[PDB]
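Visitor: Okay, handing you the structure first.
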Amino acid sequence: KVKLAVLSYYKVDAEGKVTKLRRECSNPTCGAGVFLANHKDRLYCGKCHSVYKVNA
Amino acid sequence: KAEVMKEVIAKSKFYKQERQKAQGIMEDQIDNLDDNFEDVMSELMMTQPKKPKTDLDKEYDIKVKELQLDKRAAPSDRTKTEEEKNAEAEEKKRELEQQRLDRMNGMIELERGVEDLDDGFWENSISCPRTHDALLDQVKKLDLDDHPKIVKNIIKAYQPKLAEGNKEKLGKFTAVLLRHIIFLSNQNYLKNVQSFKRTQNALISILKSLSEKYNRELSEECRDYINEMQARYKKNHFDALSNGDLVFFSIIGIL
Amino acid sequence: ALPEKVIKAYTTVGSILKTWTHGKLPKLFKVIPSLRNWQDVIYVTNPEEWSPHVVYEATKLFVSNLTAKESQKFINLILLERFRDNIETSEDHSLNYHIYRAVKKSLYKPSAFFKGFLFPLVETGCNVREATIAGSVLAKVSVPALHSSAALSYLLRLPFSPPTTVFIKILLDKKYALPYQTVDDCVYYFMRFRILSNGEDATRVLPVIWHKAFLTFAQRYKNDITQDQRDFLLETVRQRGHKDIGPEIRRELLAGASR
Amino acid sequence: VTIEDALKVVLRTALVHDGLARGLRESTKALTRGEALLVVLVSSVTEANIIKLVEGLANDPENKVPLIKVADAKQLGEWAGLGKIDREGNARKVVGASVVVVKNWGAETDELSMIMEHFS
RNA sequence: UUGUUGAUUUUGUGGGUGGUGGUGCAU
């Protein structure tokens, strides 16, 4: 089990600016807010199960 | 007859091979489609379409939350008739009576017999107290007549359902309670015999309820008290023997 | 229309689903829930011609992935129809095991199941055999008390039909902790068959299933109704009590304490 | 009608229409999607990083969403419906909700106007 | 807890159930 996994996906700057550290799944079923899992060779979606290249 | 059996065996085999051939064809098709997934998915992805609840559906969501707010009822079972309860109670008396009779005859439950045992013998908030002192730790400041109240509260505070492991805590408490009952008898009580009688029988009643569910834990403690008192008899003889030892042999017969 | 290449690919997927019995599904079939137009993609796979094994795995695949609103369409349009089609066309009017397991899988999502399978069925000419088969699934699978209480309340508001009375009996047989709002509605249901001005339910003949359901309620929630509700239900028996069940129901009502 | 007593029927009404995003994960998904209309945050969150983030997402220039400060997470969990109701009348087994976000309001009440007026 | 998901499960203690069971009988 991973605790506060959501916290890791995005970051704060001292000015309150929020930045996303993970790419979001392009699938409109996923819509916005579905973050791809970052593997060594591929980006994986937990909802659509689609596979994207890391540097695509 | 034999030729019919061979045809049946041959037909079954001929049917089995067809199924295996069909299974292989199905697996081959699956492999080809999986290889073509990416081409199919991409074209499907490009042609994807662009982005009021039923009145019945609206009511259900309203109901669900309203039912969440409301209180819930406790379920009860059908009441058995007095004859059925008596018939059941009369039955349960029968097997227990029969079970006791067989054991007087030598039936041993592990259903072995006494003769089997005689082979080789001759040739060769509220705190649960895990220890007898710990039970007193909660009960120094309480009066003699208050012992049943605290003891009962300990069982209530650590019932099996409340948390995991409460079975073990109560089982150890069963052994702890037994030593307390013995411990009180050894203590002088001529001053307050009536108060002692109000505690001494009450604790035994609690122990009986505990023994019904913790006979295993009680029996282990009972053996340990049995084993200990020879050792005191092994050095002190009667000076080891006290009122509580007389009390102990009484309680064993009860439980 | 879908891309012609896609149509050919999913057409071959469907042909596999016709005879599929075991193993891994075609990977194309696996990702259908993740598509917006899964309905269109599902149509080209011929849901009516899916083997019972495919229906079981398809229910697993779609109930988990699709949203609650979308799973209701899948249960309503495919699983409900297949459940009806198999019962109607089977020689013994029995349900296939795989479809019987699929309906359990769809029950993993109570809201979609209730709005997609049960409520459409009872409101669309459900028959006794359908209710018995569906009721058995509801009997064995664990269902939430909250979701069931809402479902039982609605069935207690529908017009009387023996197929609906079975599901009312099943839900009562579950021995749930119904909220008193549901209990009052349950009292109202049986209060609507007494002779008073009243509707045809007062003079309507009552099968044994109605009496068994009323005995089922009496044996359990006798401790969760008011004294006035007890009197209303007690005199309902006096007017509509059964020969043999009725006297037993009287005993259970009188043995209960008012809340 | 106090603001806190106003937020009582608020989070209850939004529940009836399935318009509440419950949890840090759901709240952030609502904010990133622009589906959030109101944000309720707990001042007593042990990890300040959670506070910095919902504030940042709520204050994003593209989609500014009103934010509300609440003393305890346990009571918001009760308002979000997490807790269970007992025989007596009091809530029990309540699960603290650090963040709650309103997606769809469901019904138009007078309690709306005060909260929206307060922010304006 | 599911397979990403959101309370639908998991855990411990108690616990009712023979039931998509058959065969005959009486409109």
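Residue numbers start at 1 in each chain; chains themselves are named A, B, ... in the order of the structure tokens; ligands are numbered from 1 in the order shown.
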Show me which bits of chain E are within 12 Å of chain D, counting only C-alpha atoms (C1' of nucleotides), as an MDAnalysis selection string.

Guide: chainID E and resid 5:7

Visitor: Using only C-alpha atoms (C1' of nucleotides), select each residue of chain E with any atom at most 9 Å away from an atom of chain C, and give the selection as a count of residues only.

Guide: 7

Visitor: Skip residue 50 in chain C itself and residues of its chain fewer than 6 positions away, then list as JSON, numbers by chain all residues within 9 Å of it, counting only C-alpha atoms (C1' of nucleotides).

Guide: {"C": [14, 15, 17, 18, 19, 20]}

Visitor: Can I get the selected residues back with N, CA, C and O atoms, as a short mmCIF file (atom, residue, chain, number, x, y, z; two decimals), in the first residue's frame?

Guide:
```cif
data_model
loop_
_atom_site.label_atom_id
_atom_site.label_comp_id
_atom_site.auth_asym_id
_atom_site.auth_seq_id
_atom_site.Cartn_x
_atom_site.Cartn_y
_atom_site.Cartn_z
N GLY C 14 -15.95 -10.76 -32.40
CA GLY C 14 -17.24 -11.36 -32.10
C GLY C 14 -17.28 -12.84 -32.43
O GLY C 14 -17.79 -13.64 -31.64
N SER C 15 -16.74 -13.22 -33.59
CA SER C 15 -16.73 -14.63 -33.97
C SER C 15 -16.02 -15.48 -32.92
O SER C 15 -16.43 -16.62 -32.66
N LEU C 17 -16.00 -14.70 -29.74
CA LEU C 17 -16.92 -14.73 -28.60
C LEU C 17 -18.04 -15.74 -28.79
O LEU C 17 -18.62 -16.20 -27.80
N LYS C 18 -18.36 -16.10 -30.03
CA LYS C 18 -19.43 -17.06 -30.27
C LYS C 18 -19.11 -18.41 -29.64
O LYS C 18 -19.97 -19.03 -29.00
N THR C 19 -17.87 -18.88 -29.80
CA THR C 19 -17.46 -20.20 -29.35
C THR C 19 -16.50 -20.16 -28.17
O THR C 19 -16.07 -21.22 -27.71
N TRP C 20 -16.15 -18.98 -27.67
CA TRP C 20 -15.19 -18.90 -26.58
C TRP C 20 -15.71 -19.63 -25.35
O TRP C 20 -16.87 -19.49 -24.96
#
```

Visitor: Only residues of chain D matter here; which ones have an atom within 12 Å of chain C, counting only C-alpha atoms? Give them as a short mmCIF file (atom, residue, chain, number, x, y, z; two decimals) with N, CA, C and O atoms, in the first residue's frame.

Guide:
```cif
data_model
loop_
_atom_site.label_atom_id
_atom_site.label_comp_id
_atom_site.auth_asym_id
_atom_site.auth_seq_id
_atom_site.Cartn_x
_atom_site.Cartn_y
_atom_site.Cartn_z
N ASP D 18 -25.51 13.45 -5.45
CA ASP D 18 -24.21 12.86 -5.78
C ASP D 18 -23.24 13.91 -6.31
O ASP D 18 -22.45 13.63 -7.22
N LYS D 84 -21.76 6.90 10.45
CA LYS D 84 -22.95 6.08 10.54
C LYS D 84 -23.79 6.50 11.74
O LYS D 84 -23.29 7.03 12.73
N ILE D 85 -25.10 6.25 11.63
CA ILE D 85 -26.10 6.76 12.56
C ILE D 85 -26.50 5.64 13.51
O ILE D 85 -26.68 4.49 13.08
N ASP D 86 -26.63 5.95 14.80
CA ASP D 86 -26.89 4.95 15.82
C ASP D 86 -28.34 4.97 16.29
O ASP D 86 -29.13 5.83 15.93
N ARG D 87 -28.66 4.01 17.16
CA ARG D 87 -30.00 3.90 17.72
C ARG D 87 -30.41 5.16 18.48
O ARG D 87 -31.59 5.50 18.52
#
```

Visitor: Which residues of chain B come within 10 Å of chain A, and what is each one's closest atom pair and distance in Å (one decimal), counting only C-alpha atoms, sorted by chain and residue number, as a Markdown table?

Guide:
```
| residue | atom | partner | partner_atom | distance |
| --- | --- | --- | --- | --- |
| B:38 | CA | A:51 | CA | 9.8 |
| B:41 | CA | A:50 | CA | 9.4 |
| B:45 | CA | A:27 | CA | 8.4 |
| B:48 | CA | A:28 | CA | 9.0 |
| B:49 | CA | A:28 | CA | 9.5 |
| B:50 | CA | A:28 | CA | 8.5 |
| B:51 | CA | A:28 | CA | 7.8 |
```

Visitor: Save out the residues we just selected, C-alpha atoms, as a CSV table (one decimal), in the first residue's frame.

Guide:
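Now in out_31.csv:
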```csv
chain,number,residue,atom,x,y,z
B,38,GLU,CA,-2.4,-1.1,-32.0
B,41,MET,CA,-7.0,1.0,-31.5
B,45,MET,CA,-9.2,6.4,-31.2
B,48,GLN,CA,-14.1,8.6,-31.2
B,49,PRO,CA,-17.2,10.7,-30.7
B,50,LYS,CA,-17.0,14.1,-29.0
B,51,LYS,CA,-18.3,14.7,-25.5
```

Visitor: Hey, what's within 12 Å of residue 131 in chain B if we count only C-alpha atoms (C1' of nucleotides) and toss same-chain stuff fewer than 2 positions away? As a PyMOL selection string, please?

Guide: chain B and resi 127-129+133-138+169-180+221

Visitor: Atoms to include: N, CA, C and O atoms. Write the selected residues as a short mmCIF file (atom, residue, chain, number, x, y, z; two decimals), in the first residue's frame.

Guide:
```
data_model
loop_
_atom_site.label_atom_id
_atom_site.label_comp_id
_atom_site.auth_asym_id
_atom_site.auth_seq_id
_atom_site.Cartn_x
_atom_site.Cartn_y
_atom_site.Cartn_z
N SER B 127 -8.94 -2.15 32.74
CA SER B 127 -7.74 -2.90 32.38
C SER B 127 -7.96 -4.38 32.63
O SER B 127 -8.44 -4.78 33.70
N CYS B 128 -7.61 -5.21 31.64
CA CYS B 128 -7.69 -6.65 31.79
C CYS B 128 -6.46 -7.16 32.53
O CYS B 128 -5.34 -6.90 32.08
N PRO B 129 -6.61 -7.85 33.67
CA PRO B 129 -5.42 -8.37 34.36
C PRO B 129 -5.00 -9.71 33.79
O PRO B 129 -5.76 -10.68 33.82
N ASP B 133 -1.78 -10.77 40.49
CA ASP B 133 -1.44 -9.48 41.09
C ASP B 133 -2.05 -8.33 40.30
O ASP B 133 -2.47 -7.32 40.89
N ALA B 134 -2.11 -8.46 38.98
CA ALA B 134 -2.67 -7.39 38.15
C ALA B 134 -4.15 -7.20 38.44
O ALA B 134 -4.65 -6.07 38.40
N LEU B 135 -4.87 -8.29 38.72
CA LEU B 135 -6.26 -8.15 39.12
C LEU B 135 -6.38 -7.38 40.43
O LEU B 135 -7.28 -6.56 40.59
N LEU B 136 -5.46 -7.63 41.37
CA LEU B 136 -5.47 -6.87 42.61
C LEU B 136 -5.07 -5.42 42.37
O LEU B 136 -5.53 -4.52 43.08
N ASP B 137 -4.22 -5.18 41.37
CA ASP B 137 -3.78 -3.82 41.06
C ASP B 137 -4.97 -2.90 40.84
O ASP B 137 -4.92 -1.71 41.18
N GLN B 138 -6.04 -3.43 40.26
CA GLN B 138 -7.25 -2.65 40.03
C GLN B 138 -8.18 -2.65 41.23
O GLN B 138 -9.18 -1.91 41.21
N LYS B 169 -7.53 -12.67 26.16
CA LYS B 169 -7.49 -11.87 27.38
C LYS B 169 -8.49 -12.39 28.41
O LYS B 169 -8.17 -12.49 29.60
N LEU B 170 -9.71 -12.71 27.97
CA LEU B 170 -10.70 -13.27 28.88
C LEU B 170 -10.31 -14.67 29.33
O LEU B 170 -10.54 -15.04 30.49
N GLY B 171 -9.72 -15.46 28.43
CA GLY B 171 -9.25 -16.78 28.82
C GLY B 171 -8.19 -16.72 29.90
O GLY B 171 -8.24 -17.47 30.88
N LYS B 172 -7.21 -15.82 29.74
CA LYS B 172 -6.25 -15.59 30.81
C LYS B 172 -6.94 -15.05 32.05
O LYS B 172 -6.60 -15.41 33.18
N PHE B 173 -7.93 -14.16 31.86
CA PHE B 173 -8.69 -13.64 32.99
C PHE B 173 -9.41 -14.76 33.74
O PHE B 173 -9.57 -14.68 34.96
N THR B 174 -9.84 -15.80 33.02
CA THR B 174 -10.49 -16.92 33.69
C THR B 174 -9.54 -17.58 34.68
O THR B 174 -9.93 -17.88 35.82
N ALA B 175 -8.29 -17.79 34.28
CA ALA B 175 -7.29 -18.31 35.21
C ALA B 175 -7.02 -17.31 36.33
O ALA B 175 -6.89 -17.70 37.49
N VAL B 176 -6.94 -16.02 35.99
CA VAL B 176 -6.67 -15.00 36.99
C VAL B 176 -7.80 -14.95 38.02
O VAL B 176 -7.55 -14.86 39.23
N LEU B 177 -9.05 -15.01 37.55
CA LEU B 177 -10.17 -14.96 38.47
C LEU B 177 -10.15 -16.14 39.43
O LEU B 177 -10.43 -15.98 40.63
N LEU B 178 -9.81 -17.33 38.93
CA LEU B 178 -9.81 -18.52 39.77
C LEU B 178 -8.85 -18.35 40.95
O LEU B 178 -9.19 -18.68 42.09
N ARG B 179 -7.65 -17.83 40.69
CA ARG B 179 -6.69 -17.63 41.77
C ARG B 179 -7.18 -16.56 42.75
O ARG B 179 -6.90 -16.66 43.95
N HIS B 180 -7.90 -15.55 42.26
CA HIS B 180 -8.48 -14.56 43.16
C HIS B 180 -9.49 -15.20 44.10
O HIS B 180 -9.51 -14.89 45.30
N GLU B 221 -4.81 -23.71 34.23
CA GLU B 221 -4.56 -23.11 35.53
C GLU B 221 -4.88 -24.08 36.66
O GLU B 221 -4.17 -24.14 37.66
#
```

Visitor: Figure out the distance between CA of residue 123 in chain C and CA of residue 183 in chain C, please, to one decimal in Å.

Guide: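 Separation between CA of residue 183 in chain C and CA of residue 123 in chain C: 22.7 Å.
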
Visitor: Select, from A:38, A:30, A:10, A:56, the residue with the minimum atom-to-atom distance to chain C, counting only C-alpha atoms.

Guide: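 Among A:38, A:30, A:10, A:56, it is A:30 that comes nearest to chain C.
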
Visitor: Specify as an NGL selection string all residues of chain D found within 12 Å of chain B, counting only C-alpha atoms.

Guide: :D and (11-19 or 78-92 or 106-107)

Visitor: Could you save those same residues with N, CA and C atoms as a compact mmCIF listing (two decimals), in the first residue's frame?

Guide:
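As written to disk, result17.txt reads:
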```
# COMPACT_ATOMS: atom_id res chain seq x y z
N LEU D 11 -23.74 20.55 2.62
CA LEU D 11 -23.12 19.28 2.28
C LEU D 11 -24.13 18.14 2.32
N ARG D 12 -25.24 18.32 3.04
CA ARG D 12 -26.30 17.32 3.02
C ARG D 12 -27.07 17.37 1.70
N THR D 13 -27.41 18.57 1.22
CA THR D 13 -28.16 18.68 -0.03
C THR D 13 -27.33 18.20 -1.21
N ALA D 14 -26.04 18.56 -1.25
CA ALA D 14 -25.19 18.13 -2.35
C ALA D 14 -25.05 16.61 -2.39
N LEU D 15 -25.11 15.96 -1.23
CA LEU D 15 -25.03 14.50 -1.18
C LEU D 15 -26.21 13.86 -1.91
N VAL D 16 -27.40 14.44 -1.74
CA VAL D 16 -28.62 13.84 -2.29
C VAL D 16 -28.54 13.72 -3.80
N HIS D 17 -27.79 14.61 -4.46
CA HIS D 17 -27.63 14.60 -5.91
C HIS D 17 -26.25 14.12 -6.34
N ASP D 18 -25.51 13.45 -5.45
CA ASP D 18 -24.21 12.86 -5.78
C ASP D 18 -23.24 13.91 -6.31
N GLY D 19 -23.28 15.11 -5.75
CA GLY D 19 -22.45 16.21 -6.18
C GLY D 19 -21.26 16.53 -5.29
N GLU D 78 -18.54 13.84 8.93
CA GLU D 78 -19.95 13.71 9.27
C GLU D 78 -20.83 14.45 8.26
N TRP D 79 -20.41 15.66 7.86
CA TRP D 79 -21.19 16.41 6.88
C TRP D 79 -21.14 15.75 5.51
N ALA D 80 -20.01 15.16 5.14
CA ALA D 80 -19.90 14.43 3.88
C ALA D 80 -20.60 13.08 3.92
N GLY D 81 -21.23 12.72 5.04
CA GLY D 81 -21.99 11.49 5.14
C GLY D 81 -21.18 10.26 5.48
N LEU D 82 -19.89 10.41 5.81
CA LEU D 82 -19.05 9.25 6.06
C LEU D 82 -19.52 8.48 7.28
N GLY D 83 -19.89 9.19 8.34
CA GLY D 83 -20.25 8.54 9.58
C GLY D 83 -21.59 7.84 9.53
N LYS D 84 -21.76 6.90 10.45
CA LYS D 84 -22.95 6.08 10.54
C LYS D 84 -23.79 6.50 11.74
N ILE D 85 -25.10 6.25 11.63
CA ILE D 85 -26.10 6.76 12.56
C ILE D 85 -26.50 5.64 13.51
N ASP D 86 -26.63 5.95 14.80
CA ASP D 86 -26.89 4.95 15.82
C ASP D 86 -28.34 4.97 16.29
N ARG D 87 -28.66 4.01 17.16
CA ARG D 87 -30.00 3.90 17.72
C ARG D 87 -30.41 5.16 18.48
N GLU D 88 -29.45 5.86 19.09
CA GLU D 88 -29.80 6.92 20.03
C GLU D 88 -30.13 8.23 19.32
N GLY D 89 -29.33 8.63 18.33
CA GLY D 89 -29.45 9.92 17.69
C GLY D 89 -28.14 10.58 17.34
N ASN D 90 -27.02 10.06 17.83
CA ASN D 90 -25.72 10.67 17.57
C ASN D 90 -24.97 9.91 16.49
N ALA D 91 -24.11 10.62 15.77
CA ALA D 91 -23.27 9.98 14.76
C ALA D 91 -22.16 9.17 15.41
N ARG D 92 -21.75 8.10 14.73
CA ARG D 92 -20.74 7.19 15.23
C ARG D 92 -19.93 6.62 14.07
N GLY D 106 -27.58 20.51 -6.75
CA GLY D 106 -28.84 19.79 -6.69
C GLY D 106 -30.07 20.68 -6.60
N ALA D 107 -30.17 21.45 -5.51
CA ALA D 107 -31.35 22.27 -5.25
C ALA D 107 -30.92 23.68 -4.88
```

Visitor: When DSSP is applied to the backbone of this structure, which of range 2-100 of chain D are assigned alpha helix (DSSP H)? Write them out as a count of residues only.

Guide: 42

Visitor: Taking only C-alpha atoms into account, report as number ranges by chain which residues of chain C lie within 6 Å of chain B.

Guide: C: 6, 26-27, 150, 177-179, 219-220

Visitor: With N, CA and C atoms retained, write the just-selected residues as a PDB file, in the first residue's frame.

Guide:
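What ended up in part.pdb:
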```pdb
ATOM      1  N   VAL C   6     -11.496  -1.178 -38.241  1.00  0.00           N
ATOM      2  CA  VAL C   6     -11.971  -1.492 -36.897  1.00  0.00           C
ATOM      3  C   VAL C   6     -13.147  -2.459 -36.963  1.00  0.00           C
ATOM      4  N   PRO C  26      -9.900 -11.896 -26.499  1.00  0.00           N
ATOM      5  CA  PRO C  26      -9.185 -11.025 -27.436  1.00  0.00           C
ATOM      6  C   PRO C  26      -8.916  -9.676 -26.787  1.00  0.00           C
ATOM      7  N   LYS C  27      -7.680  -9.194 -26.931  1.00  0.00           N
ATOM      8  CA  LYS C  27      -7.298  -7.967 -26.242  1.00  0.00           C
ATOM      9  C   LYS C  27      -8.140  -6.784 -26.700  1.00  0.00           C
ATOM     10  N   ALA C 150     -33.565   0.961   0.218  1.00  0.00           N
ATOM     11  CA  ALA C 150     -34.113   1.790  -0.849  1.00  0.00           C
ATOM     12  C   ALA C 150     -34.813   0.937  -1.899  1.00  0.00           C
ATOM     13  N   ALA C 177     -31.056  -4.887   8.559  1.00  0.00           N
ATOM     14  CA  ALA C 177     -31.453  -3.849   9.507  1.00  0.00           C
ATOM     15  C   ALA C 177     -32.097  -2.698   8.734  1.00  0.00           C
ATOM     16  N   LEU C 178     -33.343  -2.924   8.329  1.00  0.00           N
ATOM     17  CA  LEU C 178     -34.069  -1.924   7.560  1.00  0.00           C
ATOM     18  C   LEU C 178     -34.281  -0.673   8.410  1.00  0.00           C
ATOM     19  N   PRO C 179     -34.100   0.529   7.860  1.00  0.00           N
ATOM     20  CA  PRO C 179     -34.486   1.724   8.615  1.00  0.00           C
ATOM     21  C   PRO C 179     -35.992   1.802   8.816  1.00  0.00           C
ATOM     22  N   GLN C 219     -42.135 -12.053  11.787  1.00  0.00           N
ATOM     23  CA  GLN C 219     -41.245 -12.831  12.644  1.00  0.00           C
ATOM     24  C   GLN C 219     -40.035 -12.026  13.105  1.00  0.00           C
ATOM     25  N   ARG C 220     -39.705 -10.939  12.407  1.00  0.00           N
ATOM     26  CA  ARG C 220     -38.445 -10.233  12.599  1.00  0.00           C
ATOM     27  C   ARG C 220     -38.612  -8.819  13.136  1.00  0.00           C
TER      28      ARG C 220
END
```

Visitor: Nearest residue to chain A out of E:17, E:23, E:9, E:1, using only C-alpha atoms (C1' of nucleotides)?

Guide: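 Ranked by minimum distance to chain A, first place goes to E:1.
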
Visitor: Could you tell me, as a PyMOL selection string, which residues of range 21-120 of chain D DSSP assigns to strand (DSSP E) when given the backbone?

Guide: chain D and resi 21-22+38-42+67-70+84-85+91-92+99-102

Visitor: Quick one: write out the picked residues with N, CA, C and O atoms as a compact mmCIF listing (two decimals), in the first residue's frame?

Guide:
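Output below, filename result.txt:
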```txt
# COMPACT_ATOMS: atom_id res chain seq x y z
N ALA D 21 -17.42 15.59 -4.01
CA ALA D 21 -16.17 14.86 -4.19
C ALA D 21 -15.51 14.70 -2.83
O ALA D 21 -15.06 15.68 -2.23
N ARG D 22 -15.45 13.46 -2.34
CA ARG D 22 -14.95 13.16 -1.01
C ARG D 22 -13.57 12.53 -1.11
O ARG D 22 -13.38 11.57 -1.86
N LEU D 38 -17.14 24.71 -5.03
CA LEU D 38 -16.82 25.14 -3.68
C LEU D 38 -15.84 24.15 -3.08
O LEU D 38 -15.95 22.94 -3.32
N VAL D 39 -14.90 24.66 -2.29
CA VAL D 39 -13.88 23.85 -1.63
C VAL D 39 -13.99 24.09 -0.13
O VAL D 39 -14.04 25.24 0.32
N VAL D 40 -14.02 23.00 0.64
CA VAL D 40 -14.04 23.05 2.09
C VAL D 40 -12.79 22.33 2.59
O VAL D 40 -12.57 21.16 2.26
N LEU D 41 -11.97 23.04 3.37
CA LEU D 41 -10.66 22.55 3.77
C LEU D 41 -10.54 22.58 5.29
O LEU D 41 -11.14 23.42 5.97
N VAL D 42 -9.74 21.66 5.82
CA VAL D 42 -9.53 21.53 7.25
C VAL D 42 -8.25 22.26 7.63
O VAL D 42 -7.18 22.00 7.06
N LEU D 67 -12.97 28.90 -1.32
CA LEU D 67 -12.43 27.99 -0.32
C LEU D 67 -13.01 28.32 1.04
O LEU D 67 -13.30 29.48 1.34
N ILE D 68 -13.18 27.29 1.87
CA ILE D 68 -13.72 27.43 3.22
C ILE D 68 -12.79 26.72 4.19
O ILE D 68 -12.23 25.66 3.89
N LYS D 69 -12.62 27.32 5.37
CA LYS D 69 -11.75 26.79 6.41
C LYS D 69 -12.60 26.23 7.54
O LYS D 69 -13.54 26.88 8.01
N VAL D 70 -12.27 25.01 7.97
CA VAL D 70 -13.01 24.30 9.01
C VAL D 70 -12.02 23.78 10.04
O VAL D 70 -10.91 23.35 9.68
N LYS D 84 -21.76 6.90 10.45
CA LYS D 84 -22.95 6.08 10.54
C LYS D 84 -23.79 6.50 11.74
O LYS D 84 -23.29 7.03 12.73
N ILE D 85 -25.10 6.25 11.63
CA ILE D 85 -26.10 6.76 12.56
C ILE D 85 -26.50 5.64 13.51
O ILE D 85 -26.68 4.49 13.08
N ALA D 91 -24.11 10.62 15.77
CA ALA D 91 -23.27 9.98 14.76
C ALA D 91 -22.16 9.17 15.41
O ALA D 91 -21.69 9.49 16.50
N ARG D 92 -21.75 8.10 14.73
CA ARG D 92 -20.74 7.19 15.23
C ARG D 92 -19.93 6.62 14.07
O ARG D 92 -20.39 6.62 12.92
N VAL D 99 -10.67 16.99 3.06
CA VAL D 99 -11.08 17.90 2.00
C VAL D 99 -12.39 17.40 1.40
O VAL D 99 -12.57 16.19 1.19
N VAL D 100 -13.31 18.33 1.14
CA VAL D 100 -14.57 18.03 0.47
C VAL D 100 -14.81 19.13 -0.56
O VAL D 100 -14.63 20.32 -0.27
N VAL D 101 -15.21 18.73 -1.77
CA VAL D 101 -15.42 19.65 -2.88
C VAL D 101 -16.81 19.42 -3.45
O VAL D 101 -17.24 18.27 -3.62
N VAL D 102 -17.52 20.51 -3.74
CA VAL D 102 -18.89 20.46 -4.23
C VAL D 102 -18.87 20.52 -5.75
O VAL D 102 -18.41 21.50 -6.34
```

Visitor: Within 9 Å of chain E, which residues of chain B show up when using only C-alpha atoms (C1' of nucleotides), listed as a ChimeraX atom specification?

Guide: /B:77,159-165,167

Visitor: Between CA of residue 97 in chain B and CA of residue 226 in chain B, what is the distance, to one decimal in Å?

Guide: 28.2 Å

Visitor: Could you list, as a PyMOL selection string, every residue within 12 Å of range 113-116 of chain D, counting only C-alpha atoms (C1' of nucleotides) and ignoring same-chain residues fewer than 3 positions away?

Guide: chain D and resi 1-10+37-38+65-68+108-110+119-120

Visitor: Would you mind exporting C-alpha atoms of the selected residues as a tab-separated table (two decimals), in the first residue's frame?

Guide:
```tsv
chain	number	residue	atom	x	y	z
D	1	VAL	CA	-28.03	31.16	10.58
D	2	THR	CA	-24.29	30.83	11.12
D	3	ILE	CA	-21.93	29.97	8.29
D	4	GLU	CA	-21.14	26.62	9.92
D	5	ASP	CA	-24.84	25.84	10.36
D	6	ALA	CA	-25.26	26.98	6.76
D	7	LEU	CA	-22.64	24.47	5.61
D	8	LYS	CA	-24.65	21.75	7.38
D	9	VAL	CA	-27.57	21.63	4.93
D	10	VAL	CA	-25.13	22.49	2.13
D	37	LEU	CA	-17.70	25.02	-7.40
D	38	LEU	CA	-16.82	25.14	-3.68
D	65	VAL	CA	-12.97	28.29	-6.75
D	66	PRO	CA	-14.12	29.59	-3.33
D	67	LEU	CA	-12.43	27.99	-0.32
D	68	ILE	CA	-13.72	27.43	3.22
D	108	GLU	CA	-31.54	26.05	-4.88
D	109	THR	CA	-31.91	27.07	-1.23
D	110	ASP	CA	-31.70	30.33	0.70
D	119	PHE	CA	-17.60	35.23	-0.72
D	120	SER	CA	-18.65	38.12	-2.97
```

Visitor: Please identify every residue of chain A that has at least one atom no farther than 12 Å from an atom of chain E, counting only C-alpha atoms (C1' of nucleotides), and for each give the shortest atom pair and the distance in Å to one decimal, arranged by chain then increasing number, as JSON lines.

Guide:
```
{"residue": "A:1", "atom": "CA", "partner": "E:1", "partner_atom": "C1'", "distance": 11.3}
{"residue": "A:25", "atom": "CA", "partner": "E:4", "partner_atom": "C1'", "distance": 11.6}
{"residue": "A:30", "atom": "CA", "partner": "E:4", "partner_atom": "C1'", "distance": 10.2}
{"residue": "A:33", "atom": "CA", "partner": "E:4", "partner_atom": "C1'", "distance": 11.7}
{"residue": "A:34", "atom": "CA", "partner": "E:4", "partner_atom": "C1'", "distance": 8.6}
{"residue": "A:35", "atom": "CA", "partner": "E:4", "partner_atom": "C1'", "distance": 9.3}
{"residue": "A:36", "atom": "CA", "partner": "E:4", "partner_atom": "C1'", "distance": 9.4}
{"residue": "A:37", "atom": "CA", "partner": "E:4", "partner_atom": "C1'", "distance": 9.5}
{"residue": "A:44", "atom": "CA", "partner": "E:4", "partner_atom": "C1'", "distance": 10.0}
{"residue": "A:45", "atom": "CA", "partner": "E:4", "partner_atom": "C1'", "distance": 7.3}
{"residue": "A:46", "atom": "CA", "partner": "E:4", "partner_atom": "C1'", "distance": 3.7}
{"residue": "A:47", "atom": "CA", "partner": "E:4", "partner_atom": "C1'", "distance": 4.7}
{"residue": "A:48", "atom": "CA", "partner": "E:4", "partner_atom": "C1'", "distance": 8.3}
{"residue": "A:49", "atom": "CA", "partner": "E:4", "partner_atom": "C1'", "distance": 8.6}
{"residue": "A:50", "atom": "CA", "partner": "E:4", "partner_atom": "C1'", "distance": 11.6}
```

Visitor: Set the cut-off to 12 Å and count only C-alpha atoms: what are the residues of chain D that reach chain A? Output as number ranges by chain.

Guide: D: 23-35, 47-61

Visitor: Residues of chain C no more than 12 Å from chain A, counting only C-alpha atoms: send them over as a list in words.

Guide: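 So the residues of chain C near chain A are residues 27, 28, 30, 31, 32, 33, 34, 35, 36, 37, 38, 61, 62, 64, 65, 66, 67 and 70 of chain C.
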